[PDB]
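Protein chains in written order, with the entry's author numbering: chain J, 1 to 175; chain I, 1 to 170; chain H, 1 to 175; chain G, 1 to 170; chain F, 1 to 175; chain E, 1 to 170; chain A, 1 to 170; chain B, 1 to 175; chain C, 1 to 170; chain D, 1 to 175. For each residue, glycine too, the CB sits at the ideal point set by N, CA and C.
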Amino acid sequence: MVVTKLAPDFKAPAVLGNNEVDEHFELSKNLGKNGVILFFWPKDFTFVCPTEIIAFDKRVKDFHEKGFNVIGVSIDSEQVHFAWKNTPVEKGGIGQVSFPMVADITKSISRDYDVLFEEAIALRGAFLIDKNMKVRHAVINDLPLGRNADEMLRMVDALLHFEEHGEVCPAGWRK
Amino acid sequence: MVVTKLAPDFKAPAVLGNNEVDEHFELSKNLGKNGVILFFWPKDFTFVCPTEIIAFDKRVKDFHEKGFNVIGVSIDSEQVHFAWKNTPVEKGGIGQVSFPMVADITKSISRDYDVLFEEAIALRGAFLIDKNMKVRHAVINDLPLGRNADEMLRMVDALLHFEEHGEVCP
Amino acid sequence: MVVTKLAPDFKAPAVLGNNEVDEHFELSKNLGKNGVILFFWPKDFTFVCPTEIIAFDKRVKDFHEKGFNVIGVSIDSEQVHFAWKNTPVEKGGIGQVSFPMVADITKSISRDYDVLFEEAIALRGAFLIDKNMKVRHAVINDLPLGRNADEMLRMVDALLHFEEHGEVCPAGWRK
Amino acid sequence: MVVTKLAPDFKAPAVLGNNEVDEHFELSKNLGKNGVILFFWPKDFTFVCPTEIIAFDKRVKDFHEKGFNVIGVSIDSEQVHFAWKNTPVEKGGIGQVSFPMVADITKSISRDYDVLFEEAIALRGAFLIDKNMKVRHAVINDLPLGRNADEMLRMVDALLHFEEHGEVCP
Amino acid sequence: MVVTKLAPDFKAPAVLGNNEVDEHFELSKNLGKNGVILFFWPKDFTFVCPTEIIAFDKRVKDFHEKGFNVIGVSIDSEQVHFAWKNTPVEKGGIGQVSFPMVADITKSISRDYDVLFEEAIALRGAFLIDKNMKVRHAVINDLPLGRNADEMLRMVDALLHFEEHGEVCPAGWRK
Amino acid sequence: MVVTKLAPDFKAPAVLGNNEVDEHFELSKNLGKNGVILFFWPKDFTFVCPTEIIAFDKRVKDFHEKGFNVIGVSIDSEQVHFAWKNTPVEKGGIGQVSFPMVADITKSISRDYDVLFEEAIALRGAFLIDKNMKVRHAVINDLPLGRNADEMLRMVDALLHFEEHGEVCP
Amino acid sequence: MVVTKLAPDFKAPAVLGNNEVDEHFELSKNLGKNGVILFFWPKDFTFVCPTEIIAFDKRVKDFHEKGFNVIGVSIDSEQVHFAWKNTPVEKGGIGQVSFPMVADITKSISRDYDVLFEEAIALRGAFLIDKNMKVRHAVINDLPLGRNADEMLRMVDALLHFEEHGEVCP
Amino acid sequence: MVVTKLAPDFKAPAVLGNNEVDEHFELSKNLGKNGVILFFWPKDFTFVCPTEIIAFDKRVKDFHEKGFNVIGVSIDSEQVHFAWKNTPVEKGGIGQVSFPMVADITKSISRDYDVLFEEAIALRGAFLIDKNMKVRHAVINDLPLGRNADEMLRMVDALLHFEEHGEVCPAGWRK
Amino acid sequence: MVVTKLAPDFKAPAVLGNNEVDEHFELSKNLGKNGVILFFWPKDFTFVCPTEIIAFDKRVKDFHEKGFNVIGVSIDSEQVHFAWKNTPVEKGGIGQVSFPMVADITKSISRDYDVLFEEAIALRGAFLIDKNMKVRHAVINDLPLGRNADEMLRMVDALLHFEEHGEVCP
Amino acid sequence: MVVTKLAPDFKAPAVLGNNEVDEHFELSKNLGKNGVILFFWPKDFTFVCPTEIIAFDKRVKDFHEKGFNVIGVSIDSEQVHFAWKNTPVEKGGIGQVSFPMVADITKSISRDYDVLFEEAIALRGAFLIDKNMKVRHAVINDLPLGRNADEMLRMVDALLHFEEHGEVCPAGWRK
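Structure follows, in structure tokens:
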């Protein structure tokens, strides 16, 4: 089980948004004011679509506004990460995205979150981690439809509302 | 992990939408045409909003249309699942619901799906199972904010929309 | 074996008589002056009869008068406990009983007293626990006839008599 | 636990009510028509009142009427069970009794029923066994106050009364 | 092996000669000036003969005169021991004997001396224990003929002679 | 324990009464008609009196009459058992004896009967074996005072006397 | 050790020289006529000179002439092997290469050949496998200085030169 | 794995170049300024050719000039080593070579470097060990063609070059 | 122990007296008519006197006459055994010898006979094996002083002399 | 293996030369100035010949002259040892020999030297033990021909010579 427990930390090398590589990127030292969204994806230079990487790069700003950071990780090295970032989008590239990409080269991180599939690559999953390094929400999927990048943003709202004016519902539930 | 693997099959007392009580409800049977949406909730007679149950009761029909059954499960007993349905919603009751409610009295199911929290109650989580008892998608959180019924539906659509029309990403 | 040994303690949430919930109800901190009667029962919102719960609620006062408290427990949560107490007796409810109802949600207590049946629910059993947390008498049954709620009261008498004018019997036993 | 499970079957020396001495008394045989009432007591020649034995001797007939045999057991040997029956009750004797007395010399029976106290003597406890060697009810305490014979009877009645006429609780 | 080794001690309840019961009778604290004869026997209220108990009771005095005490033990409780002592000899009783009778209720003593037969009763055996708690001689038998009660007495003599004027024999053994 | 159990059977070099040397003397063979009297002694060429051997040599005939063979055993080798018989009794010799002397060179026999003391020599002990290789009586001590031959005989008698005429104890 | 033993056979995705993507490339199949030269390199898209890849691409033909296939392997995925070939060499690309590139995504191959460094990437090492899946020669270092392609060739020659003409050492 | 790790040390007897035997020759105390080349070979007084020993003896000076020492080892005793050195080259001898020959009589060293073949003799392997006792390069072979003696010398150059003016290559690799 | 037990059979390279090199020399084969004399020595090319080898070379014929083959063994390889024979005895060589020299390269033989000292070399020891692969005599020391060849012969004689004419000790 | 290792010590009862028995004879405290010859033999009062005991008794003096003591041991008790010494030689006896005879009654010594045959008796073996309790030479045999008593004496010479003027041999071995 992952949800409710401490989000497993990691110190791996990651390619920042500005493309300069951080050798010892640490999950916990890179949280938003309200936490972060850690997400995985099978592999770089995929043949299908970066559905995941795409959706998320498009919300990075919406998330910042909500106090959350976006951190994506893949079992690919940081070199190949960088490469994908610099490969022209039409040429299959990913384009210079705005979030850190972590290199889980030894597949340890994926294992820790239990998304490591058949000892090779990470599933398409995302985790809502709060300011206390606790995983509150988690959605993992095994299909191309990278909906969770969006969905997560929707949960981040539901969470900040509920966190505020608490939870309300069917006016006739208790009277 | 749960996803990408065969959905752990179970067999337990359940309180069908029509308050009939099945004693040996097997997941591996009551599937939809394309699979099912198995979902959990902490406990019946909660003082917090049933959110999970509500959101799922509404969308039961759609999930159904698109060939997906909806099975709810809790660590509570059918006797109470039952009693919860037959209760004035202002009295905190749940009210007659469409989907079957499975009684995971031995908490074995919550464990197989790994949602058992502190050997006591299950986490608010939902699972998408295809026509081959394959867990293809799982969402799980620990707060009332019911959105599992929602997202699972959207996921059911998205999935199927893709079944045919691909998705030349933007 | 349970009888003769220390009554295993527990700290679980229980719905009091006045219906307000005690989060950390402790068996040992809730004893009568002469001890207590701890009793179990399969499940709430039963379809049959609360024979158990009934019989016992009707003696709660008789027991108080004897210096014993009544404490019933079930593998059901405290919410459902509360529910049953507030469900109209004719509607199947239990009515606002006068004794604490403990929620052995994790089935640990039932296990401790060895009444936990097939890893799911508690048998219909009752335990006479003295002022020293020792279980002196125990009667467990697996039928609807909740006779032991009564029976226990009878033992509590036999005990207080025996405890007083000691044990007497057939005038011609020793001469 | 003992209840809800098959009553551990045994086979040992016993001193039948008619002072005849059976060498291989098997519980699984000497049942009643509806089952039996197996009961233990600390030790023969006790200086405390035999209470258990007394109360059970009286009710032997009724338990019998209602189809229930009554088998007593102690960790003492048949030689002493015997000698205890043939003793002036003012001399602390027990007196010719109706039910058979089993000699649990190896304390194995007391163990199977889990009444062996300190690897020495058995606790004052009684067990209700139905026609299927099923322990359905058990009462066990640690004080002379004999009420096991009593309650077991009342239980035998109650049980049977219900066998037919239910019990629309009050 | 028992002989040559320390006689295993025990603290059990025993019915004395005068019939008052000693709760914590201790083998070592009850030795003669020259040691003691510890003997066992199957069970009380036997149907056959107390051959054992008889023979021994008749020598208790001869043994005392030799500086040895007689202590008999059986897997029967002290109640039944007492009983047998008070049951009229013709009625099968044992009669008010002159030696302590120990109650090896838990069969531990019999086990210690390795005379415990088939986890139930003690064999008919006797041990010559000296002033240093060492078993010098042991005779165990499995038949009704309680000859060892006698025999032991004969050994106690041979021992006190040999202990004195040492061992002598066939005048032509060494010259 | 040894008594009440099958006498551990052995097979080893033995020096028969007639100084003939059997190489594979099996206990289970050389029994008497009613059984045997197996007995041990510390060591040959002892400076202490052979007591055990003496007392047993005398009674060999009677033990024999009553259907009981007499087999002696020591941890010493047949070569020495032999040499001990052929020695001037004033020279500490034992002298031609009637019973066979078994050589328990590997001390395995002394162990099976549990008389091996300090992994070295055997204790002065004797065993009564009935026609069924059953140890029915055992006497064992640790001092010269030979009385085993004696008592075993008296025991052989007593036993047999009872075989017929009971013994209405006094 | 690896040498003198059967070359661990594998089966994984590979990007053939003609950018075709084989899913089940088995070493035990794609051998040469005399064997093969299996070789590893740390990682694709390296910022250090691909040395290994370069030197091997050149000599692919000769190794081929002499009956030796050339299979390269990395812990990277075919998707990236592919993408690495289709990249401007000034952009750090590798450029269309002649030999197949195997994707050791589970690092299992690097392990079997024992070149897996820190459970992460493979060491710059090459292996000579004869027509019998026998590792006959292995060179392995940990620095860019590509000379494996070189020496392996010279070794392929030398070896074969000897196949016939011996070598009366100087 | 051997490369990248610390070169296992050893203290065995070795026949020096000047033929006097060093009883406790220690790998680490016998390194060149830049390291050393440790090489093995099946056995002395071979029937085939000393290809290995030959090639290597011919570069000993070249390696010295590069700051490396040559140290060869074989599972043969140092007596036989000495013998071979003094056996006339045409008589099958090896001739008075200029490098230390180590006697791995117990086959431990060979085992350590994992060149020990079928519990009997060492494979034909060579190891490039740096000034920090780390094995940088390793080439092991199972054929007569002792090419690695040469090859190693070539690597030692590549290394000192690379170590200096670093690594260069295809002018159009990055621009 | 080695003696009184079957001589551990081996099979290894050996350099027969006639410098022919057998690859699979099995002890269990090359026996004499009455058995063999297997013997070890520390190491070839020793700077200490070969004593063992010398003394055994001389007596090879006699040992032979009396039906005893003579097999020498060392932890050195046949290549060196060979080279040692073909060496000027002033050059420390051994010189063409009559008996076969076994190469115990894996030290397994020295171990089976338990003469392996410090997992390195064998102790100067000799073993007498009869026509049934039975070790009947063993001499083993740790100093040059060659006398094994000697004593083994004398033992071979003595033994045989006794084969017939006994030996009424003095 | 025994040779080269420390000679296992022992403290057992031994019948001296003068026939008085030493209760705690200790191998190490009974060495000659140059060591000792420890020898075994199957059993006393043998039916065949004391070949062993004979040969050795005849050299006891020669050995003393060489600085070595002779100590023979047998799995027989010291009583029987004594007996054999006092039984007239023609009567099969051994005669009053001049060396200590040890009683390995528990077969431990035989075991320690690994001459204990089939858990019963000792093989005919002899060990040359030096002044440092190290077994330098060992000859064990399983036949009647007690040649080693002699042989040992021959080795003791070879040893004392070698120990002195060292080892010499074939004048043309090294030149």
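Within 10 Å of its beta-carbon, does residue i have 16 or more other beta-carbons around it, so buried, or fewer, so exposed?
i: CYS49 of chain E; result: buried
i: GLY32 of chain J; result: buried
i: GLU119 of chain E; result: exposed
i: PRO88 of chain E; result: exposed
i: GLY35 of chain B; result: buried
i: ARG124 of chain D; result: buried
i: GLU78 of chain F; result: buried
i: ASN141 of chain J; result: buried
i: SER110 of chain I; result: buried
i: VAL60 of chain I; result: buried
i: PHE162 of chain I; result: exposed
i: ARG136 of chain I; result: buried
Would you kindly check if the distance between the Cβ of residue j and the Cβ of residue i is under 9 angstroms?
i: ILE75 of chain B; j: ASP104 of chain B; result: yes
i: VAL73 of chain I; j: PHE39 of chain I; result: yes
i: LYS43 of chain D; j: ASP157 of chain D; result: no
i: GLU151 of chain H; j: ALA122 of chain H; result: no
i: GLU26 of chain C; j: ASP9 of chain C; result: yes
i: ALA83 of chain C; j: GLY95 of chain B; result: no
i: residue 189 of chain A; j: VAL70 of chain A; result: Residue 189 of chain A lies beyond the residue range present for chain A, which begins at 1 and ends at 170; the question has no answer from this structure.
i: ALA138 of chain I; j: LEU153 of chain I; result: no
Assuming the contact rule is C-beta atoms closer than 8 angstroms, residue i and residue j should be a hit. Round their C-beta distance to whole Å, please.
i: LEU16 of chain B; j: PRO100 of chain B; result: 5 angstroms
i: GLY166 of chain F; j: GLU52 of chain F; result: With a Cβ gap of about 33 angstroms, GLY166 of chain F and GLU52 of chain F do not count as contacting.
i: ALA55 of chain H; j: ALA149 of chain H; result: 3 angstroms
i: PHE63 of chain F; j: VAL80 of chain G; result: Not a contact, Cβ separation roughly 28 angstroms.
i: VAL102 of chain J; j: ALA12 of chain J; result: 5 angstroms
Quiz item: Can you list, in chain order, the residues of the stretch 101-128 of chain F whose Cβ is nearer than 9 angstroms to any Cβ on chain G?
Solution: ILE105, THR106, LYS107, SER108, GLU118, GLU119, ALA120 and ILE121
Quiz item: Listed in chain order, which residues of the stretch 48-63 of chain I have Cβ atoms closer than 9 angstroms to some Cβ of chain J?
Solution: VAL48, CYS49, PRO50, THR51 and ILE54
Quiz item: Relative to chain I, which residues along the stretch 150-167 of chain H have a C-beta separation below 9 angstroms, given in chain order?
Solution: none
Self-check item: Inside the stretch 50-86 of chain A only - beta strand (DSSP E) runs reaching at least 3 residues
Solution: 68-74
Practice problem: Anything in the stretch 128-139 of chain A with a Cβ closer than 9 angstroms to a Cβ of chain J? List those residues in chain order, please. | Solution: none
Quiz prompt | Ranges of the beta strand (DSSP E) found wholly within the stretch 97-148 of chain J, counting only runs of at least 3 | solution = 101-103, 124-129 and 135-141
Exercise. Below 9 angstroms between beta carbons is the criterion; list the residues of the stretch 14-34 of chain H that meet it against any residue of chain I, in chain order.
Key: none
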